[PDB]
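Two versions of one and the same chain are coming, encoded as structure tokens; call them structure 1 and structure 2.
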Structure 1
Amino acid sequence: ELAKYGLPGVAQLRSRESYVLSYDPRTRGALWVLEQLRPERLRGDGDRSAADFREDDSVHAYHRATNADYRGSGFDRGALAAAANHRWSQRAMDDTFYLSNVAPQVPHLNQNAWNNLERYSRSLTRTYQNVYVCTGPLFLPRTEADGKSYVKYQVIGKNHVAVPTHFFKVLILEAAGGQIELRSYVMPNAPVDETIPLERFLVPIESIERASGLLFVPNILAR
């Protein structure tokens, strides 16, 4: 019936203590990572980073990023579900150090503008009933001098781990009386001036949905 020998590839969801992700074996990185932030989550007893980055043995070795892929690349191991979101448990924080939760990030971005966006996201748990965060890579085309449009991204290491051109982050913010808002950001995988205000990187959710292949607003509007 064509399934006799099984199908050649299906969605790879991974549920960890601190997040759920969907994994793309072609790029060797997550398609998206989903977290729920709340205030009890952000205060410690996790907050030992005595965790090291670890390859994800639940991913077939053909399609698995390793620490050796990153070494000498010039890229940081940039965690999509952030370690500091998950001080509420050591297991929760350790799970953020799986390389399936990680993408090659320009070090300036990882340390400054993206870190600021992560801190801002946590600060909103003081305001909203619930804060959900969906984070992931983008591979965005550009028009080159021949007039044609191309996607171009570096791959690093023997395992050809894809370097995203950009990153997105979608915030779902729950306030009282059933209010639901969506705020969504894109930054380039590049040094980003840390003194640029974060709301300059707001984009409409439709542009992220079109570019990423994902759908956000139908699921949320369904409640």
Structure 2
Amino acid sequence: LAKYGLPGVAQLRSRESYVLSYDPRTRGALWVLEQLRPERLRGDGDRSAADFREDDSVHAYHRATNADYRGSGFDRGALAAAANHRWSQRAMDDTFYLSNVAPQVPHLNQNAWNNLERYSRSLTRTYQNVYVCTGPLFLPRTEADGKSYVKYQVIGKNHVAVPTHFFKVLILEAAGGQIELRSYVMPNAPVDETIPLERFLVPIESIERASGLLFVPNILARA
């Protein structure tokens, strides 16, 4: 049966600063996983951000390019954020692979998603370890005919999918081995950043039901 190979299997990529799984249909990451180091800012300022680079490990049929973003009116939103990974130049450089990138409404990337990333880093003062899983959603909506539809834009030659929403799952270890899960969803839209961040909390089941994903699966019974 499988004598002519399998047409598609899971595309994990490990980089210096994150691991991701890649969806070649949407030309985007399914999820991106990272740890946030405490702050320390003093060995590891000082960092010289890179150009964005398409990912040669992805087949060119299925690979976002800088031309796909240029003139789209979306920014290149890095899912594993570059400011999480100033602890190493290679660590920071790897966040500028476009496989780490989704089309993001610039106001979201600039203001309220930025605030979410800075709050996530701040929890390293408070917890034994902080891990973060970031990814896209494509959430359906009801229309006038009573039916539900997924509708998302695609941009560029390569039809790079524009997510309707983004999730960020904070995986927070407090000191007992105890894992706390904090789950945020924002729309791919202008979002007022003075709205407190707890208003974008959603139950983790919601993200898991909609995204296809099952987070922290080694945790057989959650707290």
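Throughout, rigid core stands for the largest set of C-alpha atoms superposing within 1.5 Å between the two forms. One-based numbering along structure 1's sequence throughout. Only residues modelled in both forms are compared.
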### Message
To test your reading of the superposition: with the rigid core aligned, which of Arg41, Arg54, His166, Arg183 moves its Cα by 2 angstroms or more between structure 1 and structure 2?
### Response
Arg41
### Query
Does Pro218 count as moved between structure 1 and structure 2, where moved means a C-alpha shift of 2 angstroms or more after fitting the rigid core?
yes
### Query
For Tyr150, what C-alpha shift in Å results between structure 1 and structure 2 following superposition on the rigid core?
0.1
### Query
What Cα shift, in Å, does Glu194 show between structure 1 and structure 2 once the core is superposed?
1.2
### Message
In sequence order, what stretches of at least three consecutive residues shift by 2 Å or more at the Cα level between structure 1 and structure 2, with the rigid core held as reference?
### Response
40 to 50, 217 to 223
